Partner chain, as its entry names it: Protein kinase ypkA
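Here's a solo chain for you in structure tokens, the form solved without its partner chain.
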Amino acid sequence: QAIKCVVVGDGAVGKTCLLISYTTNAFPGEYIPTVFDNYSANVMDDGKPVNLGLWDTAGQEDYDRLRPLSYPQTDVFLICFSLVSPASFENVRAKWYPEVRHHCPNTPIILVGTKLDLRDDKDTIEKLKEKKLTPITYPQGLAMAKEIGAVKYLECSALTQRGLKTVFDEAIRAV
């Protein structure tokens, strides 16, 4: 059957690269599509075939009025945040969880930390330290996942593809 999965989260957390890296097995290097689109994947999981529909969204505030038009008939949401952006992590509960629950009270949510490959990057750490900030640790994300009652907390990197298949694998299992 068909599953509708919608991806939301701050601008430049990597939502488009997340979707493109998953469906093509390739990270787009300077070639990131600018057209907001929905993608697809036919996958085998636990025995049955599945048509997973993936809906990208514009995460900037300029789209707050239009973005929810993609929400009807959603089966599962992915709320994304950059593991190396505390502001994006904060916006999970400041913006994204409220907005999702406001329109879709009972749809399961998957909390996804993105850009896992940057959590150990010396330059990213030092730049964050200039703001007295630190990358989001796994226990941090887990706790956030439990605060908003997400069915699962998962971390991934669209660049290395580490932990990327699990994200969409678990979003199907959530449905």
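Positions refer to the first chain, counted from 1.
If you look for the form solved in complex with its partner chain, you will not find it shown, but the lines that follow are about it.
*Asks:* At 4.5 Å between heavy atoms, is residue 65 in contact with its partner chain in the deposited complex?
*Replies:* Yes - in the deposited complex, heavy atoms of residue 65 and its partner chain come within 4.5 Å of each other.
*Asks:* At 4.5 Å between heavy atoms, is residue 138 in contact with its partner chain in the deposited complex?
*Replies:* No, residue 138 sits far enough from its partner chain in the deposited complex that none of its heavy atoms falls within 4.5 Å.
*Asks:* Any of the heavy atoms of residue 38 lying within 4.5 Å of its partner chain in the deposited complex?
*Replies:* So residue 38 counts as contacting its partner chain.
*Asks:* Does residue 107 reach its partner chain in the deposited complex if we count a contact as any heavy atom within 4.5 Å?
*Replies:* Judged by the heavy-atom cut-off of 4.5 Å, residue 107 is well away from its partner chain in the deposited complex.
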